[PDB]
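File shown: structure.pdb. Contents: PDB, C-alpha atoms and all ligand atoms.
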```pdb
ATOM      1  CA  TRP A   5      37.225  77.560  98.775
ATOM      2  CA  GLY A   6      39.713  77.078  95.999
ATOM      3  CA  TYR A   7      39.905  77.588  92.183
ATOM      4  CA  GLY A   8      38.254  74.335  91.034
ATOM      5  CA  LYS A   9      34.909  73.815  89.291
ATOM      6  CA  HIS A  10      33.222  73.077  92.623
ATOM      7  CA  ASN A  11      34.839  75.566  94.993
ATOM      8  CA  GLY A  12      35.980  78.191  92.517
ATOM      9  CA  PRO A  13      35.540  81.909  92.501
ATOM     10  CA  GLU A  14      31.948  81.743  91.250
ATOM     11  CA  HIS A  15      31.143  79.888  94.488
ATOM     12  CA  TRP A  16      32.816  82.133  97.074
ATOM     13  CA  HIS A  17      29.759  84.413  97.657
ATOM     14  CA  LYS A  18      28.071  81.586  99.618
ATOM     15  CA  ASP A  19      30.588  81.752 102.516
ATOM     16  CA  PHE A  20      31.881  85.209 101.877
ATOM     17  CA  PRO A  21      28.938  87.375 100.874
ATOM     18  CA  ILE A  22      31.134  90.479 100.239
ATOM     19  CA  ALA A  23      32.117  88.625  97.052
ATOM     20  CA  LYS A  24      29.367  90.680  95.344
ATOM     21  CA  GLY A  25      30.067  93.940  97.130
ATOM     22  CA  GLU A  26      30.687  97.381  95.735
ATOM     23  CA  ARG A  27      34.506  97.466  95.786
ATOM     24  CA  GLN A  28      35.690  93.984  94.727
ATOM     25  CA  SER A  29      38.932  93.195  92.904
ATOM     26  CA  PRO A  30      40.475  92.627  90.488
ATOM     27  CA  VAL A  31      39.100  94.714  87.655
ATOM     28  CA  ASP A  32      39.762  95.443  84.041
ATOM     29  CA  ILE A  33      41.706  98.669  83.491
ATOM     30  CA  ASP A  34      40.155 100.603  80.574
ATOM     31  CA  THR A  35      43.082 102.881  79.701
ATOM     32  CA  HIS A  36      40.896 105.117  77.637
ATOM     33  CA  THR A  37      38.547 105.741  80.544
ATOM     34  CA  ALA A  38      41.172 105.949  83.344
ATOM     35  CA  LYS A  39      41.564 109.558  84.436
ATOM     36  CA  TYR A  40      44.927 111.286  84.459
ATOM     37  CA  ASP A  41      45.102 112.882  87.931
ATOM     38  CA  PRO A  42      47.780 115.547  88.155
ATOM     39  CA  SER A  43      47.468 115.658  91.936
ATOM     40  CA  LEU A  44      48.995 112.159  92.209
ATOM     41  CA  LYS A  45      52.378 112.141  93.868
ATOM     42  CA  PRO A  46      55.160 109.766  92.783
ATOM     43  CA  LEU A  47      55.411 106.435  94.556
ATOM     44  CA  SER A  48      57.991 105.983  97.353
ATOM     45  CA  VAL A  49      59.351 102.474  97.670
ATOM     46  CA  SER A  50      61.905 102.113 100.525
ATOM     47  CA  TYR A  51      62.939  98.449 100.535
ATOM     48  CA  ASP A  52      66.712  98.656 101.029
ATOM     49  CA  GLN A  53      66.326  97.484 104.619
ATOM     50  CA  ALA A  54      63.883  94.644 103.931
ATOM     51  CA  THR A  55      64.128  91.380 105.902
ATOM     52  CA  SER A  56      62.603  88.203 104.466
ATOM     53  CA  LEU A  57      61.987  85.267 106.792
ATOM     54  CA  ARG A  58      60.397  82.423 104.893
ATOM     55  CA  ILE A  59      58.371  81.160 101.974
ATOM     56  CA  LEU A  60      55.324  78.964 102.290
ATOM     57  CA  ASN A  61      52.714  77.067 100.273
ATOM     58  CA  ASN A  62      49.323  77.841 101.835
ATOM     59  CA  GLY A  63      47.326  75.688  99.389
ATOM     60  CA  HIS A  64      46.342  78.575  97.045
ATOM     61  CA  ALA A  65      49.729  80.194  96.445
ATOM     62  CA  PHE A  66      53.185  80.704  97.930
ATOM     63  CA  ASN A  67      54.043  83.610 100.189
ATOM     64  CA  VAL A  68      57.355  85.297 100.971
ATOM     65  CA  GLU A  69      56.949  86.688 104.500
ATOM     66  CA  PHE A  70      58.726  89.741 105.851
ATOM     67  CA  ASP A  71      59.483  91.037 109.348
ATOM     68  CA  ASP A  72      57.032  93.953 109.777
ATOM     69  CA  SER A  73      57.824  94.788 113.428
ATOM     70  CA  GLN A  74      59.603  97.946 112.238
ATOM     71  CA  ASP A  75      59.546 100.357 109.236
ATOM     72  CA  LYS A  76      62.095  98.323 107.285
ATOM     73  CA  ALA A  77      60.323  97.903 103.959
ATOM     74  CA  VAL A  78      57.822 100.673 103.293
ATOM     75  CA  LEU A  79      55.579 102.145 100.691
ATOM     76  CA  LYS A  80      54.364 105.749 100.872
ATOM     77  CA  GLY A  81      53.510 108.639  98.530
ATOM     78  CA  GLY A  82      51.329 108.202  95.465
ATOM     79  CA  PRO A  83      47.655 108.242  96.518
ATOM     80  CA  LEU A  84      48.469 106.971  99.991
ATOM     81  CA  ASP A  85      48.279 108.712 103.320
ATOM     82  CA  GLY A  86      50.817 107.548 105.958
ATOM     83  CA  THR A  87      53.214 104.626 105.882
ATOM     84  CA  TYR A  88      52.444 101.085 104.714
ATOM     85  CA  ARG A  89      54.746  98.231 105.800
ATOM     86  CA  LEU A  90      55.536  95.229 103.563
ATOM     87  CA  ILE A  91      54.186  92.092 105.237
ATOM     88  CA  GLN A  92      54.336  89.645 102.275
ATOM     89  CA  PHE A  93      54.365  89.074  98.509
ATOM     90  CA  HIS A  94      52.732  86.307  96.407
ATOM     91  CA  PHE A  95      51.798  85.636  92.743
ATOM     92  CA  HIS A  96      48.854  84.468  90.653
ATOM     93  CA  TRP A  97      49.516  82.412  87.527
ATOM     94  CA  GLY A  98      47.809  80.372  84.828
ATOM     95  CA  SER A  99      48.235  77.022  83.095
ATOM     96  CA  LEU A 100      49.382  78.786  79.939
ATOM     97  CA  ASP A 101      51.096  82.092  79.050
ATOM     98  CA  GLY A 102      47.770  83.370  77.808
ATOM     99  CA  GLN A 103      46.253  83.869  81.259
ATOM    100  CA  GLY A 104      47.259  84.317  84.911
ATOM    101  CA  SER A 105      47.085  87.996  85.794
ATOM    102  CA  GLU A 106      44.099  89.136  87.856
ATOM    103  CA  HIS A 107      44.003  92.688  86.672
ATOM    104  CA  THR A 108      43.624  93.093  82.926
ATOM    105  CA  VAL A 109      44.628  96.075  80.724
ATOM    106  CA  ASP A 110      42.082  96.830  77.957
ATOM    107  CA  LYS A 111      41.064  93.185  78.534
ATOM    108  CA  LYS A 112      44.628  91.884  77.942
ATOM    109  CA  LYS A 113      45.694  89.155  80.323
ATOM    110  CA  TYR A 114      49.341  88.576  81.384
ATOM    111  CA  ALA A 115      51.127  85.367  82.224
ATOM    112  CA  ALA A 116      51.158  86.150  85.965
ATOM    113  CA  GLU A 117      50.670  88.877  88.608
ATOM    114  CA  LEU A 118      52.826  89.889  91.569
ATOM    115  CA  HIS A 119      51.159  91.402  94.635
ATOM    116  CA  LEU A 120      53.186  93.135  97.353
ATOM    117  CA  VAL A 121      50.965  93.559 100.462
ATOM    118  CA  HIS A 122      51.453  96.434 102.857
ATOM    119  CA  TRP A 123      49.420  97.595 105.901
ATOM    120  CA  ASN A 124      48.927 101.075 107.369
ATOM    121  CA  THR A 125      51.107 101.526 110.474
ATOM    122  CA  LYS A 127      48.484 103.790 111.951
ATOM    123  CA  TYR A 128      46.436 100.703 112.848
ATOM    124  CA  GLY A 129      49.266  98.846 114.712
ATOM    125  CA  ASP A 130      48.953  95.391 113.129
ATOM    126  CA  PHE A 131      47.693  93.606 110.006
ATOM    127  CA  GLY A 132      44.627  92.252 111.754
ATOM    128  CA  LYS A 133      43.422  95.760 112.672
ATOM    129  CA  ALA A 134      44.409  97.140 109.244
ATOM    130  CA  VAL A 135      42.081  94.713 107.454
ATOM    131  CA  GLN A 136      39.168  96.368 109.304
ATOM    132  CA  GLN A 137      39.697  99.751 107.662
ATOM    133  CA  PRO A 138      38.869 101.214 104.256
ATOM    134  CA  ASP A 139      42.463 102.564 104.014
ATOM    135  CA  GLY A 140      43.993  99.602 105.823
ATOM    136  CA  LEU A 141      46.000  98.037 102.956
ATOM    137  CA  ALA A 142      47.989  99.008  99.950
ATOM    138  CA  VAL A 143      48.774  96.322  97.343
ATOM    139  CA  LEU A 144      51.480  96.945  94.731
ATOM    140  CA  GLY A 145      50.575  94.887  91.660
ATOM    141  CA  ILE A 146      53.076  93.985  88.936
ATOM    142  CA  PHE A 147      52.410  92.213  85.687
ATOM    143  CA  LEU A 148      54.664  89.407  84.427
ATOM    144  CA  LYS A 149      55.131  88.698  80.672
ATOM    145  CA  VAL A 150      57.236  85.876  79.150
ATOM    146  CA  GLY A 151      60.515  86.881  77.520
ATOM    147  CA  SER A 152      63.935  87.127  79.093
ATOM    148  CA  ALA A 153      64.764  85.664  82.498
ATOM    149  CA  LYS A 154      64.434  87.771  85.615
ATOM    150  CA  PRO A 155      67.770  87.642  87.309
ATOM    151  CA  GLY A 156      66.148  88.796  90.540
ATOM    152  CA  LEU A 157      63.452  86.124  90.581
ATOM    153  CA  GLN A 158      65.746  83.068  90.327
ATOM    154  CA  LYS A 159      66.265  82.780  94.127
ATOM    155  CA  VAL A 160      62.475  82.340  94.546
ATOM    156  CA  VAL A 161      62.340  79.967  91.596
ATOM    157  CA  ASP A 162      65.049  77.695  93.024
ATOM    158  CA  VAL A 163      63.322  77.229  96.440
ATOM    159  CA  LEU A 164      59.901  75.991  95.111
ATOM    160  CA  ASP A 165      61.030  72.293  95.090
ATOM    161  CA  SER A 166      61.133  72.600  98.858
ATOM    162  CA  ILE A 167      57.572  73.861  99.332
ATOM    163  CA  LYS A 168      55.888  71.770  96.695
ATOM    164  CA  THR A 169      52.883  70.874  98.865
ATOM    165  CA  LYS A 170      50.413  72.611 101.092
ATOM    166  CA  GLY A 171      51.658  73.344 104.567
ATOM    167  CA  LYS A 172      55.332  73.330 103.593
ATOM    168  CA  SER A 173      57.499  76.372 104.384
ATOM    169  CA  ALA A 174      61.249  77.123 104.169
ATOM    170  CA  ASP A 175      63.605  79.673 105.743
ATOM    171  CA  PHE A 176      64.024  82.495 103.230
ATOM    172  CA  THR A 177      66.267  85.294 104.456
ATOM    173  CA  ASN A 178      68.227  87.998 102.630
ATOM    174  CA  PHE A 179      65.720  88.213  99.780
ATOM    175  CA  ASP A 180      65.738  91.702  98.180
ATOM    176  CA  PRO A 181      62.456  92.630  96.615
ATOM    177  CA  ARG A 182      63.931  95.576  94.655
ATOM    178  CA  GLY A 183      64.903  92.875  92.146
ATOM    179  CA  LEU A 184      61.296  92.406  91.083
ATOM    180  CA  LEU A 185      60.632  96.072  90.333
ATOM    181  CA  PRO A 186      60.127  97.458  86.828
ATOM    182  CA  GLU A 187      62.086 100.461  85.606
ATOM    183  CA  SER A 188      59.108 102.908  85.741
ATOM    184  CA  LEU A 189      56.783 103.467  88.671
ATOM    185  CA  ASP A 190      53.948 104.876  86.560
ATOM    186  CA  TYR A 191      50.652 103.589  87.931
ATOM    187  CA  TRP A 192      46.928 103.242  87.968
ATOM    188  CA  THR A 193      45.106 103.318  91.334
ATOM    189  CA  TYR A 194      41.585 102.545  92.573
ATOM    190  CA  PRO A 195      39.889 101.386  95.736
ATOM    191  CA  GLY A 196      39.269  97.642  96.003
ATOM    192  CA  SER A 197      39.548  94.440  98.085
ATOM    193  CA  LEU A 198      41.583  91.415  98.958
ATOM    194  CA  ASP A 199      41.828  88.948  96.004
ATOM    195  CA  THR A 200      41.108  85.905  98.233
ATOM    196  CA  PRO A 201      38.470  85.366 100.951
ATOM    197  CA  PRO A 202      37.719  87.065 103.226
ATOM    198  CA  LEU A 203      37.828  89.515 100.260
ATOM    199  CA  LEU A 204      37.769  92.459 102.663
ATOM    200  CA  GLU A 205      37.185  95.766 100.979
ATOM    201  CA  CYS A 206      40.174  97.576 102.505
ATOM    202  CA  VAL A 207      42.695  97.920  99.718
ATOM    203  CA  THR A 208      44.158 100.765  97.747
ATOM    204  CA  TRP A 209      45.390  99.081  94.552
ATOM    205  CA  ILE A 210      48.423 100.386  92.730
ATOM    206  CA  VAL A 211      48.933  98.607  89.421
ATOM    207  CA  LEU A 212      52.192  99.372  87.652
ATOM    208  CA  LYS A 213      51.857 100.193  83.987
ATOM    209  CA  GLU A 214      55.165  98.541  83.155
ATOM    210  CA  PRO A 215      55.463  94.747  83.238
ATOM    211  CA  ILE A 216      58.559  92.758  84.183
ATOM    212  CA  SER A 217      59.671  89.959  81.886
ATOM    213  CA  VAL A 218      60.254  86.379  83.045
ATOM    214  CA  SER A 219      61.584  83.412  81.115
ATOM    215  CA  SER A 220      59.407  80.484  80.154
ATOM    216  CA  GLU A 221      61.412  78.188  82.411
ATOM    217  CA  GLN A 222      60.966  80.596  85.336
ATOM    218  CA  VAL A 223      57.164  80.532  85.059
ATOM    219  CA  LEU A 224      57.215  76.750  84.384
ATOM    220  CA  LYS A 225      58.547  76.037  87.902
ATOM    221  CA  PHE A 226      55.523  77.913  89.324
ATOM    222  CA  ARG A 227      53.291  75.440  87.463
ATOM    223  CA  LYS A 228      54.892  72.536  89.299
ATOM    224  CA  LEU A 229      53.433  73.500  92.683
ATOM    225  CA  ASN A 230      50.633  71.577  94.320
ATOM    226  CA  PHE A 231      47.360  72.760  95.793
ATOM    227  CA  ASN A 232      47.122  69.483  97.669
ATOM    228  CA  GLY A 233      48.784  68.345 100.851
ATOM    229  CA  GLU A 234      51.690  65.853 100.731
ATOM    230  CA  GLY A 235      50.154  62.356 100.456
ATOM    231  CA  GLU A 236      46.959  63.352  98.652
ATOM    232  CA  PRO A 237      46.203  63.048  94.913
ATOM    233  CA  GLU A 238      48.190  65.633  92.950
ATOM    234  CA  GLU A 239      46.373  68.727  91.839
ATOM    235  CA  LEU A 240      48.722  71.223  90.178
ATOM    236  CA  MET A 241      48.649  74.820  91.397
ATOM    237  CA  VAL A 242      47.614  76.570  88.200
ATOM    238  CA  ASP A 243      44.973  79.212  87.442
ATOM    239  CA  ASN A 244      44.922  80.599  91.023
ATOM    240  CA  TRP A 245      43.559  83.871  89.773
ATOM    241  CA  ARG A 246      40.175  85.513  90.211
ATOM    242  CA  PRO A 247      37.985  86.748  87.338
ATOM    243  CA  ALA A 248      37.578  90.497  86.828
ATOM    244  CA  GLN A 249      34.758  92.158  88.766
ATOM    245  CA  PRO A 250      32.363  95.023  88.158
ATOM    246  CA  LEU A 251      33.825  98.513  88.566
ATOM    247  CA  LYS A 252      30.417  99.756  89.708
ATOM    248  CA  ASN A 253      30.866 103.555  89.683
ATOM    249  CA  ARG A 254      34.398 103.535  91.039
ATOM    250  CA  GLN A 255      36.901 105.441  88.918
ATOM    251  CA  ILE A 256      40.424 104.406  87.885
ATOM    252  CA  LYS A 257      43.079 107.136  88.087
ATOM    253  CA  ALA A 258      46.424 107.243  86.319
ATOM    254  CA  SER A 259      49.622 108.969  87.437
ATOM    255  CA  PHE A 260      50.594 109.532  83.754
TER     256      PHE A 260
HETATM  257 ZN    ZN B   1      46.972  88.472  95.127
END
```
Rewrite the structure from the file as structure tokens, please.
Ligand SMILES: [Zn+2]
Amino acid sequence: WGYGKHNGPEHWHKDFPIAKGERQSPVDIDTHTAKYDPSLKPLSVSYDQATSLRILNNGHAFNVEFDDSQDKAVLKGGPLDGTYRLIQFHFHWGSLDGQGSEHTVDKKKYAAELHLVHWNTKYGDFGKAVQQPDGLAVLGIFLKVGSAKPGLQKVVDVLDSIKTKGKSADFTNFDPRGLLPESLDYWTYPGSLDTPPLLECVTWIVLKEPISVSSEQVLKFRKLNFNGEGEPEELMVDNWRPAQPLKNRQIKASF
């Protein structure tokens, strides 16, 4: 599985049949259809005590891993029940500024999409969490091209070091609060993982407000490689999945 013509998202159903299930992600957010739910509590992002460990190139994206052995970086409130611990964050981008986000807003596509993954502490670990309908909570943030993102430069500067698949690099003292938009207004719906095994155990929380990144910021993302070191070079671009059928599900808004 990958994002090429032969192993791309239209092919995943053969090894991962849930690809055509009832609560697949991402989806298109119809803002005129989304229902304003007054019983939605504000989001609670506690990341002041976050501890990053490393960054790695897994062949489909790069991940910034966090120590989730304690309630250091948590998400609670909103539509969630209980505490969700930050395990890792990764992005999805395109070959051009015209595409890259997974979620779409009235069919509008952004340059990239940031996903913060959290698991419900009730289930003890991530592996058990992914077996429950309320197991994960993903915080999604849209990226648009404009001004540089002061807070994103640290990540940007380390990509040279993890250019190929399998590579990883120590990555401590990274503060995720630097990637957050000003407003925490959101849309939420029940969905799945965006990559196989595409388990249908996520509570998506898509922030209304995008963060802006500079052209040169995004450009460094485009220099990554899908391939392992010593194999033909295949640039890591368009590592995003096409929007899926809502199928009855309803999208709620906190505004
Ligand atoms: Zn993702």
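If all atoms listed in the file are the atoms counted, then among A:173, A:137, A:35, A:108 the closest residue to residue 57 in chain A is A:173.
For ligand ZN 1 (chain B), the protein and nucleic acid residues at most 8 Å away, judged by all atoms listed in the file, amount to residues 94, 95, 96, 106, 117, 118, 119, 198, 199, 200 and 245 of chain A.
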Once the PyMOL selection byres (((chain A and resi 101) around 10) and not hetatm) has been applied to the shown file, what residues remain in the selection, as a PDB file with C-alpha atoms, in the frame of the given file?
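Saved the output as part-v6.pdb:
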```pdb
ATOM      1  CA  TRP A  97      49.516  82.412  87.527  1.00  0.00           C
ATOM      2  CA  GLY A  98      47.809  80.372  84.828  1.00  0.00           C
ATOM      3  CA  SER A  99      48.235  77.022  83.095  1.00  0.00           C
ATOM      4  CA  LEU A 100      49.382  78.786  79.939  1.00  0.00           C
ATOM      5  CA  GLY A 102      47.770  83.370  77.808  1.00  0.00           C
ATOM      6  CA  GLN A 103      46.253  83.869  81.259  1.00  0.00           C
ATOM      7  CA  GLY A 104      47.259  84.317  84.911  1.00  0.00           C
ATOM      8  CA  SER A 105      47.085  87.996  85.794  1.00  0.00           C
ATOM      9  CA  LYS A 113      45.694  89.155  80.323  1.00  0.00           C
ATOM     10  CA  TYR A 114      49.341  88.576  81.384  1.00  0.00           C
ATOM     11  CA  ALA A 115      51.127  85.367  82.224  1.00  0.00           C
ATOM     12  CA  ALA A 116      51.158  86.150  85.965  1.00  0.00           C
ATOM     13  CA  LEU A 148      54.664  89.407  84.427  1.00  0.00           C
ATOM     14  CA  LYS A 149      55.131  88.698  80.672  1.00  0.00           C
ATOM     15  CA  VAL A 150      57.236  85.876  79.150  1.00  0.00           C
ATOM     16  CA  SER A 220      59.407  80.484  80.154  1.00  0.00           C
ATOM     17  CA  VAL A 223      57.164  80.532  85.059  1.00  0.00           C
ATOM     18  CA  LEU A 224      57.215  76.750  84.384  1.00  0.00           C
TER      19      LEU A 224
END
```
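Of note, CA of residue 71 in chain A and CA of residue 53 in chain A are spaced 10.5 Å apart.
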Where does the PyMOL selection byres (((chain A and resi 229) around 10) and not hetatm) land in this file, that is, which residues does it pick, as a PDB file with C-alpha atoms, in the frame of the given file?
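Resulting contents of expr37.pdb:
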```pdb
ATOM      1  CA  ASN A  61      52.714  77.067 100.273  1.00  0.00           C
ATOM      2  CA  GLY A  63      47.326  75.688  99.389  1.00  0.00           C
ATOM      3  CA  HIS A  64      46.342  78.575  97.045  1.00  0.00           C
ATOM      4  CA  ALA A  65      49.729  80.194  96.445  1.00  0.00           C
ATOM      5  CA  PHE A  66      53.185  80.704  97.930  1.00  0.00           C
ATOM      6  CA  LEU A 164      59.901  75.991  95.111  1.00  0.00           C
ATOM      7  CA  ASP A 165      61.030  72.293  95.090  1.00  0.00           C
ATOM      8  CA  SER A 166      61.133  72.600  98.858  1.00  0.00           C
ATOM      9  CA  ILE A 167      57.572  73.861  99.332  1.00  0.00           C
ATOM     10  CA  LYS A 168      55.888  71.770  96.695  1.00  0.00           C
ATOM     11  CA  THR A 169      52.883  70.874  98.865  1.00  0.00           C
ATOM     12  CA  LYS A 170      50.413  72.611 101.092  1.00  0.00           C
ATOM     13  CA  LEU A 224      57.215  76.750  84.384  1.00  0.00           C
ATOM     14  CA  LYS A 225      58.547  76.037  87.902  1.00  0.00           C
ATOM     15  CA  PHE A 226      55.523  77.913  89.324  1.00  0.00           C
ATOM     16  CA  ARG A 227      53.291  75.440  87.463  1.00  0.00           C
ATOM     17  CA  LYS A 228      54.892  72.536  89.299  1.00  0.00           C
ATOM     18  CA  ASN A 230      50.633  71.577  94.320  1.00  0.00           C
ATOM     19  CA  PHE A 231      47.360  72.760  95.793  1.00  0.00           C
ATOM     20  CA  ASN A 232      47.122  69.483  97.669  1.00  0.00           C
ATOM     21  CA  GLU A 238      48.190  65.633  92.950  1.00  0.00           C
ATOM     22  CA  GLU A 239      46.373  68.727  91.839  1.00  0.00           C
ATOM     23  CA  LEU A 240      48.722  71.223  90.178  1.00  0.00           C
ATOM     24  CA  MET A 241      48.649  74.820  91.397  1.00  0.00           C
ATOM     25  CA  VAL A 242      47.614  76.570  88.200  1.00  0.00           C
TER      26      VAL A 242
END
```
- Message: Neighbouring residues of residue 34 in chain A were defined as those with any atom within 10 Å, considering all atoms listed in the file; residues of the same chain fewer than 2 positions away were excluded. Please report them as a PyMOL selection string.
- Response: chain A and resi 31-32+36-39+108-111+256
- Item | Selection result of the PyMOL selection byres (((chain A and resi 121-134) around 6) and not hetatm) on this file, as a PyMOL selection string | chain A and resi 87-93+120+135-137+140-143
Take the selection from the previous step and output its residues with C-alpha atoms, as an mmCIF file, in the frame of the given file.
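The result, stored in selection-v2.cif:
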```cif
data_model
loop_
_atom_site.group_PDB
_atom_site.id
_atom_site.type_symbol
_atom_site.label_atom_id
_atom_site.label_comp_id
_atom_site.auth_asym_id
_atom_site.auth_seq_id
_atom_site.Cartn_x
_atom_site.Cartn_y
_atom_site.Cartn_z
ATOM 1 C CA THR A 87 53.214 104.626 105.882
ATOM 2 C CA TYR A 88 52.444 101.085 104.714
ATOM 3 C CA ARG A 89 54.746 98.231 105.800
ATOM 4 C CA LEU A 90 55.536 95.229 103.563
ATOM 5 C CA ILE A 91 54.186 92.092 105.237
ATOM 6 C CA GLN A 92 54.336 89.645 102.275
ATOM 7 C CA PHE A 93 54.365 89.074 98.509
ATOM 8 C CA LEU A 120 53.186 93.135 97.353
ATOM 9 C CA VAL A 135 42.081 94.713 107.454
ATOM 10 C CA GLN A 136 39.168 96.368 109.304
ATOM 11 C CA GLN A 137 39.697 99.751 107.662
ATOM 12 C CA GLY A 140 43.993 99.602 105.823
ATOM 13 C CA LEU A 141 46.000 98.037 102.956
ATOM 14 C CA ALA A 142 47.989 99.008 99.950
ATOM 15 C CA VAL A 143 48.774 96.322 97.343
#
```
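Distances from A:54, A:60, A:174, A:23 to residue 74 in chain A were compared using only C-alpha atoms, and the smallest one belongs to A:54.
Taking CA of residue 260 in chain A and CA of residue 147 in chain A as endpoints, the distance between them is 17.5 Å.
For the residues A:16, A:24, A:190, A:175, ranking by smallest atom-to-atom distance to residue 55 in chain A using only C-alpha atoms places A:175 first.
A straight line drawn from CA of residue 28 in chain A to CA of residue 253 in chain A is 11.8 Å long.
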Return the padded bounding box of range 103-117 of chain A as lines of an AutoDock Vina configuration file: axis-aligned, built from all atoms listed in the file, 8 Å added on each side, with centre and edge lengths in Å to one decimal.
```
center_x = 46.1
center_y = 90.3
center_z = 83.3
size_x = 26.1
size_y = 29.0
size_z = 26.7
```
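Residues of protein, DNA and RNA with at least one atom no farther than 10 Å from (40.6, 98.3, 90.4) are, using all atoms listed in the file, residues 27, 28, 29, 30, 31, 32, 33, 107, 108, 192, 193, 194, 195, 196, 197, 207, 208, 209, 210, 211, 248, 249, 250, 251, 254, 255, 256 and 257 of chain A.
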- Message: Would you pick out the contacts of residue 185 in chain A at 9 Å or less, using all atoms listed in the file, so that residues sharing its chain but fewer than 3 positions from it are not included, and give the list as a list in words?
- Response: residues 146, 181, 182, 188, 189, 215 and 216 of chain A
- Item | Exercise: residues within 7 Å of coordinate (57.1, 103.0, 104.0), counting all atoms listed in the file, as a list in words | residues 49, 50, 75, 77, 78, 79, 80, 87, 88 and 89 of chain A
- Near residue 44 in chain A, within 6 Å and counting only C-alpha atoms, which residues show up once chain neighbours fewer than 6 positions away are dropped, as number ranges by chain? A: 82-83, 259
Expected file for range 208-243 of chain A keeping C-alpha atoms, as a short mmCIF file (atom, residue, chain, number, x, y, z; two decimals), in the first residue's frame:
```
data_model
loop_
_atom_site.label_atom_id
_atom_site.label_comp_id
_atom_site.auth_asym_id
_atom_site.auth_seq_id
_atom_site.Cartn_x
_atom_site.Cartn_y
_atom_site.Cartn_z
CA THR A 208 -13.53 10.99 16.84
CA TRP A 209 -12.41 13.67 14.37
CA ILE A 210 -12.07 17.27 15.46
CA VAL A 211 -11.35 19.55 12.52
CA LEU A 212 -10.45 23.12 13.41
CA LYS A 213 -12.28 25.76 11.44
CA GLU A 214 -9.29 28.08 11.47
CA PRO A 215 -6.24 27.26 9.34
CA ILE A 216 -2.62 28.08 10.19
CA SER A 217 -0.49 29.76 7.55
CA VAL A 218 2.87 28.40 6.37
CA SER A 219 5.36 29.92 3.96
CA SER A 220 5.98 28.48 0.53
CA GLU A 221 9.53 27.57 1.50
CA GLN A 222 8.27 25.76 4.61
CA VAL A 223 5.96 23.50 2.59
CA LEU A 224 8.64 23.08 -0.12
CA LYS A 225 10.94 21.22 2.30
CA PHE A 226 8.11 18.71 2.91
CA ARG A 227 8.12 18.00 -0.84
CA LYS A 228 11.76 16.98 -0.70
CA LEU A 229 11.10 13.83 1.35
CA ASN A 230 11.31 10.37 -0.12
CA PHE A 231 8.87 7.49 -0.02
CA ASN A 232 11.70 5.16 -0.95
CA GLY A 233 14.43 3.65 1.15
CA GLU A 234 18.01 4.98 0.93
CA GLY A 235 19.64 3.32 -2.11
CA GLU A 236 16.47 2.82 -4.16
CA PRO A 237 15.22 4.96 -7.07
CA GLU A 238 13.93 8.30 -5.79
CA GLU A 239 10.21 8.71 -5.46
CA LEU A 240 9.29 12.04 -3.87
CA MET A 241 6.88 12.01 -0.93
CA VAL A 242 4.06 14.09 -2.37
CA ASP A 243 0.28 13.60 -2.49
#
```
